[PDB]
Amino acid sequence: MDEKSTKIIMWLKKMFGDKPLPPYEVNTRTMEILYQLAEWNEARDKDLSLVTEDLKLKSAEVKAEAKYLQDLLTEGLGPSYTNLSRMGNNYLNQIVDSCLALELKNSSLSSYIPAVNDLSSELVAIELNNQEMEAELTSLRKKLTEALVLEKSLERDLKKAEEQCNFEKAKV
Amino acid sequence: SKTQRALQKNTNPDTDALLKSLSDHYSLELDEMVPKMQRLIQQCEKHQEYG
Amino acid sequence: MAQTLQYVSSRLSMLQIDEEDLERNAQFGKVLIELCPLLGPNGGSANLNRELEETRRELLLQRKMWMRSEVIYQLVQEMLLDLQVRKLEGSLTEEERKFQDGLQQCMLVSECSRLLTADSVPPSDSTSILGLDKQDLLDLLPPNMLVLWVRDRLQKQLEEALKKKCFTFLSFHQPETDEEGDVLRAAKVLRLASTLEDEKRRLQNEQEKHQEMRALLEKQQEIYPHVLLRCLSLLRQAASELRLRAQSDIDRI
Amino acid sequence: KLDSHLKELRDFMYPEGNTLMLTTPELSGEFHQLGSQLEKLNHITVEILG
Amino acid sequence: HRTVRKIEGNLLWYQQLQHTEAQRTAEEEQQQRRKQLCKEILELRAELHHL
Amino acid sequence: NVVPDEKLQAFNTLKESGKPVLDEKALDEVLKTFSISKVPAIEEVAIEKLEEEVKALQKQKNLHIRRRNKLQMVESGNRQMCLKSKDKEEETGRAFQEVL
């Protein structure tokens with residue numbers, strides 16, 4: 001308990017920085033909750049750091065490739081490939097924006113088609129699952145309400161029954 | 001686990017044991033008490049005739 | 001207190017905190033509220049989450065630039081493949097053939113020039129592959145008049161190809177649009193990216209709703225058995241203490 | 001299981017569905033009948049003594 | 001305050017319940033159609049899963 | 001502290017309706033289970049909703065059928081293109097042997 005306590009205090013000091021640690025009730029339960037939270041935060045912070053560093057690397061690599069392709073196209077097709085008509089540019093932007101929206105690896109149909117299908121399938125699947133859960137919540141709520149009514153009716157009937165028994169006991 | 005613990009604390013007597021006790025008691029009343037009362041009813045009718 | 005719990009449960013969805021915990025421990029609840037801003041919705045530190053969002057934005061910008069070029073590159077490759085297939089089927093016009101040969105040669109020279117130019121640093125001393133310089137490849141380009149002609153024709157062909165690709169994207173997402181005229185299809189294409197983003201946003205909202213409903217269901221499943229047990233306890237009392245004992249004695253007397 | 005236990009105990013204690021029954025209905029009916037017959041016997045006795 | 005909460009709470013609760021129940025009575029008559037639609041929905045979901 | 005005449009009448013009606021009046025404790029328990037959020041009265045999936053669902057699923061079915069057909073076209077087209085690309089590989093392979 002003494003080790004978990006040390007970890008929590010160190011973790012709280014790290015989170016609150018230069019601000020005095022607020023006084024809180026130190027009991028077995030508050031310590032367990034704080035401990036789970038500290039473990040969770042530490043594990044997530046580690047994961048997020050690794051993801052952030054990787055994204056920086058990927059940003060550099062994508063930039064390098066973009067330059068490469070731009071240079072390749074300029075040398076091969078001339079500067080004129082960048083002088084598309086207003087509508088041409090609009091079409092290009094829409095393809096680009098659609099691909100970014102679906103987080104695709106490339107602009108090929110082999111990537112676009114499965115992505116659109118997955119998006120549509122996931123949306124329907126989740127909507128059905130939400131309907132089913134809503135029915136279950138309503139059903140359980142009804143069961144719970146009936147049970148609560150029953151509980152109150154039983155309390156009343158039991159009190160009446162106890163009074164009646166006492167009255168009869170006096171008669172006996 | 002909380003619900004199971006609550007069931008064990010509240011289980012003296014076991015619901016099945018209690019239903020059995022209730023059913024036995026019901027049978028005892030029909031076999032012994034109800035006929036006794038019928039006999040007494042009949043006896044009262046005879047006493048009326050004696051009157 | 002109920003508000004504090006809702007707030008903490010929404011932000012710290014992992015914490016199993018009951019109302020009894022916050023009632024017995026008021027100062028602890030204050031600590032959790034203060035911790036909530038410091039902890040992101042996912043349990044990570046707020047600073048690190050901010051850094052992550054910034055780094056994601058940067059990546060998206062770079063990716064947008066790369067994709068622009070990538071779309072053109074792929075279209076050109078697809079165009080070349082289509083023209084090649086038509087050339088083998090004997091259906092290509094002499095002008096198309098010249099265009100195809102000229103464009104293929106321009107791209108190839110460019111690709112190979114780059115293979116040679118390891119953008120490396122002039123080292124005045126670096127041995128080229130096969131001893132070839134960029135100039136050796138430029139000599140294999142078609143005549144300058146044909147290169148300019150190919151580049152002018154490519155612009156019109158590229159716009160047509162971009163249009164065809166957009167229509168295909170649209171036709172797959174909204175197959176009902178195939179029965180519509182080119183003008184209406186072009187209007188719908190201009191909204192396609194936004195429609196797809198909306199659908200993605202809808203999915204995210206429905207997932208959040210799902211998580212909320214799930215949390216409520218779990219609460220109800222926790223309360224319901226206890227209520228049943230209280231009812232059972234009352235009935236047991238009526239059966240054991242009143243019917244088998246109190247009333248049975250009364251009936252006997 | 002809890003729901004089944006509750007339903008079984010309740011059915012037993014509430015045979016006519018609306019009222020908690022502590023006495024066996026068959027027995028309750030006999031007590032009433034016996035009380036009525038004793039009241040008649042007491043009248044006849046009083047009448048004869050009078 | 002206590003009495004007001006009780007009164008409002010019960011009203012609220014049963015209102016919510018009744019609202020839930022009243023919706024149901026109309027529903028019994030529509031049950032055969034509901035079964036048919038549910039059967040149709042299951043059949044369509046199965047077809048959609050195959051596609 | 002004020003209960004309008006309407007709510008009082010409604011509550012009296014509730015008392016008269018023979019429905020058990022839930023005590024404060026019971027109300028607290030049940031109301032907890034109540035998300036403020038307007039969870040729209042589960043409009044009990046009005047036959048209409050099921051009908052709407054059947055319509056929605058039929059629309060989805062039609063959509064999947066159209067998309068499957070399109071995919072089959074794209075697949076046939078790609079298969080043909082892949083065979084022809086193999087022929088190109090063979091032609092380019094001959095040209096490469098000429099250069100050697």
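(A) Fine view of the overall build of chain F. Helix and strand counts for chain F come out as three helices and zero strands. For chain F, the succession of helices and strands along the chain, N to C, is α-α-α. In terms of overall size, chain F is more extended than a compact globule, its C-alpha atoms giving a radius of gyration of 35 Å where 100 residues would be expected to give roughly 13 Å. For chain F, the spread of C-alpha atoms along the principal axes amounts to about 105 × 30 × 20 Å. For chain F, the proportion of its 100 residues judged to be buried stands at 24%. Split by element, the accessible area of chain F, about 7700 Å² in all, is 53% carbon and sulfur. Of the side chains in chain F, 19 bear a positive and 19 a negative charge, and the two mean positions are spaced by 7 Å.

(B) Focus on the interface of chain C and chain A. With 99 residues of chain C at the contact, the number on the chain A side is 98 residues. Across the chain C/chain A interface, buried area totals approximately 9900 Å², and carbon plus sulfur atoms make up 71% of it. Broken down residue by residue, the surface that chain C buries against chain A is led by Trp66, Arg114 and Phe169 of chain C, which jointly contribute 7%. Joining chain C to chain A, the criterion identifies nine salt bridges.

(C) Quick peek at the interface of chain B and chain D. Between chain B and chain D, the contact holds 22 residues from the first and 20 residues from the second. Together chain B and chain D conceal approximately 2000 Å² of surface at their shared face, both sides included; 77% is due to carbon and sulfur atoms. On the chain B side of the interface with chain D, the three residues burying the most area are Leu19, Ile41 and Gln48 of chain B, jointly 26% of the side's total. At the junction of chain B with chain D, the criterion picks out zero salt bridges. At the surface where chain B touches chain D, the tally comes to three residue pairs in polar contact. Elements represented by at least two residues in the side of chain B that touches chain D include exactly α1 (2–9) and α2 (15–50) of chain B.

(D) Quick peek at helix α5 (residues 94–116) of chain C. In this model, α5 of chain C (23 residues) spans 33 Å end to end at C-alpha, consistent with the 33 Å of a helix rising 1.5 Å per residue. For α5 of chain C, every residue scored as buried is listed here: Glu96, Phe99, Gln100, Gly102, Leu103, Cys106, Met107, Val109, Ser110, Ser113 and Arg114 of chain C. Residues of α5 of chain C that are buried in the fold lie against α2 (28–77) of chain A together with α4 (46–88), α6 (134–138) and α7 (144–173) of chain C.

(E) Examining the side chain of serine 107 of chain A more closely. Within the secondary structure, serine 107 of chain A sits in the loop between α3 (86–101) and α4 (109–171). Residues within four places of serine 107 of chain A in sequence aside, it is in contact with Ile95 and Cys99 of chain A together with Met67, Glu70, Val71, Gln74, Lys165 and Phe169 of chain C.

(F) Summary view of the nonpolar core. Grouped together as the largest cluster of nonpolar side chains are 56 residues, with contacts concentrated most on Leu77 and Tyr112 of chain A together with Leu162 of chain C. Among the elements that make up this core, the one with the highest residue count is α4 of chain C (twelve residues). Here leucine 162 of chain C is in contact with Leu84, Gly88, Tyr91, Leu92 and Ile95 of chain A together with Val71 and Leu75 of chain C, once residues within four sequence places are set aside. Counting residues in hydrophobic clusters, the runner-up holds 50 residues, among them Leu148 of chain A, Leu18 of chain B, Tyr14 of chain D together with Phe34 of chain F.

(G) Quick look at the packing of α5 of chain C against α7 of chain C. Residues and elements named next belong to chain C. Taken N-terminus to C-terminus, the directions of α5 and α7 make an angle of 100°; their axes are 10 Å apart at the nearest point. Between α5 and α7, the angle is such that the two are roughly perpendicular. On the side of α5, the interface is formed by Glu95, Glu96, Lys98, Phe99, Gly102, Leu103 and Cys106, while α7 contributes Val147, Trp149, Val150, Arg153, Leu154 and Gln157. Here the residues of the contact of α5 with α7 sort into seven nonpolar, two polar and four charged.

(H) Fine view of the arrangement of the chains. Here the protein chains form nine pairs of chains in contact, of which the pair with the most contacts is chains A and C. For chain C and chain E, which are not in contact, the least C-alpha distance works out to 16 Å. Spatially, chain B is disjoint from chain F: no contact exists, and the shortest C-alpha separation is 17 Å.

(I) Spotlight on helix α1 (residues 2–13) of chain D. End to end, α1 of chain D covers 17 Å across twelve residues, agreeing with the expected 16 Å (1.5 Å per residue, within 8%). Within α1 of chain D the residues assigned to the buried category are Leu2, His5, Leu6, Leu9 and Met13 of chain D. Angularly, the buried residues of α1 of chain D cover 95° about the axis, an arc narrow enough to put them on a single face. The inward-facing, buried residues of α1 of chain D abut α4 of chain A, α1 and α2 of chain B together with α9 (192–252) of chain C.

Calculation rules
- As a convention, residue numbering begins from 1 on each chain and follows the written sequence, not necessarily the numbering found in the entry; residues with no coordinates do not appear.
- Whichever chain is written first is A, and whichever ligand is written first is 1; the rest continue in order.
- Any value quoted here refers to the chains shown, not to the larger assembly they are part of.
- Heavy atoms from the whole structure form the basis of all side-chain values; hydrogens and water molecules are not counted.
- Strands here mean DSSP runs of E at least two residues long; helices mean DSSP runs of H or I at least four residues long; both are numbered from the N terminus.
- Here the radius of gyration uses the C-alpha set of atoms, whereas the globule reference equals 2.2 Å times the residue count to the power 0.38.
- Summary of the burial criterion: residues with accessible area below 20% of their type's maximum are buried, those above 50% are exposed, and those between are partly exposed, where the area comes from a 1.4 Å probe applied to protein chains only.
- Methods summary: accessible areas were calculated by the Shrake-Rupley approach with a probe of 1.4 Å, and residue burial reflects only the protein chains presented.
- All tallies of charge rest on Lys and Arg as positive and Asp and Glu as negative; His and the ends of each chain are not included.
- Every charge is mapped to an atom, namely NZ of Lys, CZ of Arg, CG of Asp or CD of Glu.
- When checking whether two residues touch, look at their non-hydrogen atoms; a contact exists if any pair is within 4.5 Å.
- The buried area of a pairing is the accessible area, by a 1.4 Å probe, that goes missing from both parts when the two are put together, added over both.
- Any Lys or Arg side-chain nitrogen found within 4 Å of a carboxyl oxygen on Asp or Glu counts as a salt bridge.
- Polar contacts, as counted here, are pairs of nitrogen or oxygen atoms within 3.5 Å of one another; within protein the pair requires one atom able to donate a hydrogen and one able to accept it, and residues that are adjacent in sequence qualify only if both atoms are side-chain atoms.
- Between the first and last residue of a helix there are one fewer steps than residues, each counted as 1.5 Å, and that sum is the expected span.
- Nonpolar cores were defined as sets of buried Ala, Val, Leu, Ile, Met, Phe, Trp, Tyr and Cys residues, with membership established by side-chain atoms within 4.5 Å.
- Whenever a helix is involved, its axis is fitted only over the stretch in contact; in every case the axis is a line through C-alpha atoms, and angles between N-to-C directions fall within 0 to 180 degrees.
- Angle categories are assigned with fixed cut-offs, so that under 35 degrees is roughly parallel, over 145 is roughly antiparallel, 65 to 115 is roughly perpendicular, and the rest are oblique.
- Basically, the charged four are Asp, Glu, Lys and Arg, the nonpolar ten are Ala, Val, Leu, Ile, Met, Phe, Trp, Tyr, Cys and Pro, and anything else, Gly included, counts as polar.
- Directions are taken from the helix axis to each C-beta atom, and the arc is the one they span.

That is the geometry; function is a separate question.
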